[PDB]
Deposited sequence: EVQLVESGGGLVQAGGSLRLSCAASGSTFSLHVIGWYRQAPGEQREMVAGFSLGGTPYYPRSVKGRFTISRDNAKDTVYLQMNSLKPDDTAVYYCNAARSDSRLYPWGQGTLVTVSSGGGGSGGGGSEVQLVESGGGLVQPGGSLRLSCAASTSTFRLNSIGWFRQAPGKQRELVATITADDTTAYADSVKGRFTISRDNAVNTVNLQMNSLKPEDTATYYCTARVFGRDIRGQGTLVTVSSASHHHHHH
């Protein structure tokens, strides 16, 4: 088989920009010039970029831009002027000629510290919670990152100043998120963990700031 890996998932405020990345490896020649795809929970799979000359949907035309690098097996997507319809898990390409883990991207519609962590089997019913300077109106766009030592940042869940929730395909159905309106903290369920999930977890992403980071392991 051929392997695809997406990376670059961010939670951003509207009008912001991103670069998605997709690194490939497989059994055939070093360059295959092909595209990008996405999915939001209220939507099916959708083409984002690709093909013999490049193509973009009307919904992203002029905003998203594909590019490629040949020395390092990476294909990219500049994404300018992000919008709350662009909150989606972005996927790279058909496996051969009809498949990656999926990278969550979220766009928000409107002294850091975390708690929880530990060691688990066979997984579920945890109380990770993120908690800093709770009282004074600090309630901002938020989500939980995770990182294992080799591979890069992966966004798994998101919340914001409103109770609206979205997840990564890596965790969909298994993770779950909520926020307390009096304690002003956000919680992560972490149901039915799998060894692939062992990572240190972080709570924040962008400027007005990093988390403490807390390790979850599941060894059994």
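**Q** What are the missing stretches of the deposited sequence, listed from start to end?
**A** According to the deposited record, C-alpha coordinates are absent for 52 to 54, 102 to 106, 119 to 129, 228 to 230, 243 to 250, which together make up the missing parts.
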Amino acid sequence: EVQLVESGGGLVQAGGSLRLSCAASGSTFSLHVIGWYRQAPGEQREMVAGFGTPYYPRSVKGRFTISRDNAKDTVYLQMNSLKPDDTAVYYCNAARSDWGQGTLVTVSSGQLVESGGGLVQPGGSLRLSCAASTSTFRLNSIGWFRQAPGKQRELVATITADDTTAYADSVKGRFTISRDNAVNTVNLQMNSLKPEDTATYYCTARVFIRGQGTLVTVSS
From here on, numbers count along this sequence of modelled residues.
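**Q** Decide which of the stretches 135 to 143 and 86 to 94 has the higher mean C-alpha B-factor, going by the entry.
**A** Comparing 86 to 94 with 135 to 143, the higher average CA B-factor belongs to 135 to 143.
**Q** I need to verify one thing: averaged over C-alpha atoms only, is the B-factor higher for 75 to 83 or for 99 to 107?
**A** Taking the mean C-alpha B-factor of 75 to 83 and of 99 to 107, the larger value falls to 99 to 107.
**Q** Kindly indicate the residue among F64, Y55, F175, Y37 with the greatest C-alpha B-factor in the PDB record.
**A** Of the candidates given, the C-alpha B-factor peaks at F175.
**Q** Say you rank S59, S170, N187, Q152 by Cα B-factor from the PDB entry; which sits at the top?
**A** Result of the comparison over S59, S170, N187, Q152: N187.
**Q** Should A205 be placed in the lowest, middle or highest third of its chain by the C-alpha B factor in the entry?
**A** Answer is highest: the recorded C-alpha B-factor places it there.
**Q** In terms of the CA temperature factor given in the entry, to which third of its chain does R179 belong: lowest, middle or highest?
**A** Highest third.
**Q** Select lowest, middle or highest to describe the third in which the CA B-factor of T217 falls within its chain in this entry.
**A** Answer is lowest: the recorded C-alpha B-factor places it there.
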